[PDB]
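Overview (structure and organization)
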Protein chains: 2
Amino acid sequence: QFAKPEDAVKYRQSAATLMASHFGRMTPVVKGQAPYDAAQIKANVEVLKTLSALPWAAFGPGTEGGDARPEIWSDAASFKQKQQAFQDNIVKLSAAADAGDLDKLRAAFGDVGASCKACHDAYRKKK
Amino acid sequence: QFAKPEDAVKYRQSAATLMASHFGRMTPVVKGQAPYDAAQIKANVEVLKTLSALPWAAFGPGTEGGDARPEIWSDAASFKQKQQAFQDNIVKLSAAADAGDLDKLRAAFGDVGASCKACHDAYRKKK
Ligand code: HEC
Ligand code: HEC
Ligand SMILES: O=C1O[C@H]([C@@H](O)CO)C(O)=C1O
Ligand SMILES: O=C1O[C@H]([C@@H](O)CO)C(O)=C1O
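These residue numbers run from 1 along each chain by written sequence and may not equal the entry numbers. Residues without coordinates are not shown. Whichever chain is written first becomes A and whichever ligand is written first becomes 1, with later ones labelled in order. The basis for the side-chain values is all heavy atoms of the structure; hydrogens and waters are excluded. Residues with missing side-chain atoms are left out of burial classes, side-chain pairs and their counts.

As deposited, the entry is annotated with X-ray crystallography as its determination method and 1.5500 Å as its resolution.

Under the annotation held in the PDB entry, chain A carries the name Cytochrome c' and is attributed to Alcaligenes xylosoxydans xylosoxydans. UniProt positions are given in the numbering used here, feature names are shortened, and annotations may be inferred rather than shown by experiment. The UniProt entry for chain A carries the following comment under Subunit: "Homodimer." Of the comments in the UniProt record for chain A, the one headed Subcellular location reads "Periplasm".

Moving on: the packing of helix α1 (residues 5-24) of chain A against helix α3 (residues 38-52) of chain A. Residues and elements named next belong to chain A. The N-to-C vectors of α1 and α3 enclose an angle of 155°; their axes lie 9 Å apart at closest approach. Viewed along their axes, α1 and α3 adopt a mutual orientation that is roughly antiparallel. α1 and α3 meet at a crossing whose hand is left-handed. Counted together, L18, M19, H22 and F23 of α1 and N44, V47, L48, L51 and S52 of α3 form the full contact between these two elements. Classifying every residue of the contact of α1 with α3 gives 6 nonpolar, 3 polar and no charged. Think of each axis as a best-fit line through the C-alpha atoms, taken over the contacting stretch in the case of a helix, with angles from 0 to 180 degrees between the N-to-C directions. Secondary structure elements are taken from DSSP: a helix is a run of H or I of four residues or more, a strand is a run of E of two residues or more, and numbering for both begins at the N terminus. Roughly parallel means an angle under 35 degrees; roughly antiparallel means over 145; roughly perpendicular covers 65 to 115; every other angle is labelled oblique. In this scheme the handedness of a crossing depends on how the near helix is turned from the far one: anticlockwise by less than a right angle means left-handed, clockwise means right-handed. The criterion used for residue contact is that any of the two residues' heavy atoms lie within 4.5 Å. Polar here means any residue outside two lists: the nonpolar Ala, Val, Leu, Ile, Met, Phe, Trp, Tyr, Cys and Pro, and the charged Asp, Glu, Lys and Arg; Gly therefore counts as polar.

The next thing to look at is the coordination of the iron atom of ligand 2. Its sole protein donor being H120(B) (NE2), the iron atom of ligand 2 sits 2.2 Å from that atom. Looking at the secondary structure, you find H120(B) in helix α6 (residues 102-123). In this analysis a donor is any N, O or S atom within 2.8 Å of a metal ion (3.2 Å for sodium, potassium and calcium), and since water is not included, sites may seem incomplete.

Our focus in this paragraph is the relation of the copies chain B and chain A. Remark: copies superposed by least squares on C-alpha atoms. Note on the identical chains: chain B maps onto chain A by a rotation of 180° and an axial translation of 0.0 Å, with an RMSD of 0.0 Å. Seen this way, the second copy is the image of the first under a two-fold rotation axis. No C-alpha of chain B approaches the rotation axis more nearly than that of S14(B), which lies at 2.3 Å. By residue overlap, the copies meet face to face through one surface: 100% of the interface positions of chain B are interface positions in chain A.

With that out of the way, let us pick up the nonpolar core. Grouping buried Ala, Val, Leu, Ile, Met, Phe, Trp, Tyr and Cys residues that are joined through side-chain atoms within 4.5 Å yields what is termed a nonpolar core. Relative accessible area decides the class of each residue, using a 1.4 Å probe on protein chains only: under 20% of the type maximum gives buried, over 50% gives exposed, and in between gives partly exposed. Core analysis: the largest hydrophobic core is formed by 66 residues, its most contacted members being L18(A), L51(A), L93(A), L18(B), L51(B) and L93(B). Among residues more than four places away in sequence, those in contact with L51(A) are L18(A), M19(A), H22(A), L18(B) and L51(B).

Residue and element names in this part refer to chain A. Within this numbering scheme, the UniProt entry marks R12, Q13, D67, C116, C119 and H120 as carrying the feature "binding site: heme c". Tracing the backbone through its elements, the reader meets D67 in the loop between α3 and α4 (71-74). Apart from the residues lying within four places of it in its own chain, the contact partners of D67 are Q13, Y123, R124 and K125.

A separate point is the packing of aromatic side chains. Residue and element names in this part refer to chain B. Centres within 6.5 Å make a pair out of two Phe, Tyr or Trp rings, where for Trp the six-membered ring is used; the pair is then stacked when the planes are under 30 degrees apart, edge-to-face when over 60, and tilted otherwise. Here the structure, examined in full by the defined rule, presents 16 aromatic pairs over all chains. Ring geometry for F59 versus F79: centroids 5.5 Å apart, planes at 55°, classification tilted. Here the residue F59 occupies a position in the loop between α3 (38-52) and α4 (71-74), and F79 occupies one in helix α5 (residues 76-99), the gap between them amounting to 20 residues. Classification of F59 as buried rests on a relative accessible area of 16%. Both rings, one in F79 and one in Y123, keep their centres 5.3 Å apart while their planes meet at 85°; by these two values the pair is edge-to-face. Residue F79 is located in helix α5, and its partner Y123 is located in helix α6; the two are separated by 44 residues in the primary sequence. Each member of the pair, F79 as well as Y123, carries the same accessibility label: buried.

Quick look at the structure:
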């Protein structure tokens, strides 16, 4: 869907920005600093679910640029595993949110976070 | 969810970027220049549905900035109508995509487009 590689860069960075907001906005809830409303969280995690599937199609062949490390493309199987682990952890978060269980939510949230960070540590350029 | 107004600006502009991609990528299909795969379009419009609901919560009080015209806030009822008309047109697009009817899809797509443009013409600063 991208006319130039710059377009794929812009897309994935915007998807990431939205992921970051929908993930990170739950921090006060999982820490107990904001109230836990199960329905609010269930709806927000549904949004995060959708967003979570979006970036990966914008690292298509030839879309090198931004803060994407070239190893995304030369180590494609390894990058796919990081992405799939992340998306699997999103499924678990969806289950925790759907169950309405704050304990489970905080543990699932921590697993998602660690998956975001694992990928960045390997495949995102230092800033 | 935004620590500073700049954060809401960044969020809404990223949501818009994603909307633009998920909307605009269907142009070749509605024009007949790319093949129409009903399932592909149904799935893409589902993504657009989700995205389409996101920007409006990031024009909260005090989030003036970016290319948002101040009239968004001083004419709140009028801006809400533009947004609701847009979202209603997204519903119609969802129905057309769900029905698998290219005729209906192209007419619904044109209505959504016109709603995007109507809002921009009133509430987005010239660039
Ligand atoms: C690899 C499988 C990743 C996972 C999982 C996550 N992110 Fe990511 N992120 C990744 C890359 C390769 C990049 C760089 C993209 C580029 O071309 O520059 C990013 C970038 C971000 C950013 C910065 C985006 C920007 O606006 O420039 C953010 C804020 C970000 N990523 C957040 C984020 C979160 C919250 C994740 C888990 C919920 C997450 N990423 C997962 C690679 C991967
Ligand atoms: C009012 C109800 C709007 C509707 C409906 C749509 N858009 Fe929008 N858009 C709106 C505003 C007020 C702004 C400016 C936001 C800011 O703070 O700068 C925008 C911006 C865009 C942009 C540019 C985003 C950027 O990256 O800077 C795009 C590409 C855009 N809008 C696209 C778009 C599309 C495709 C829409 C219909 C599917 C659409 N917008 C609707 C206000 C409104
Ligand atoms: O909110 C975020 O969480 C991850 C990471 O910090 C979790 O450790 C990330 O990169 C964000 O923007
Ligand atoms: O793809 C887009 O469609 C609308 C508008 O051009 C429709 O007229 C818009 O602002 C986009 O980015």
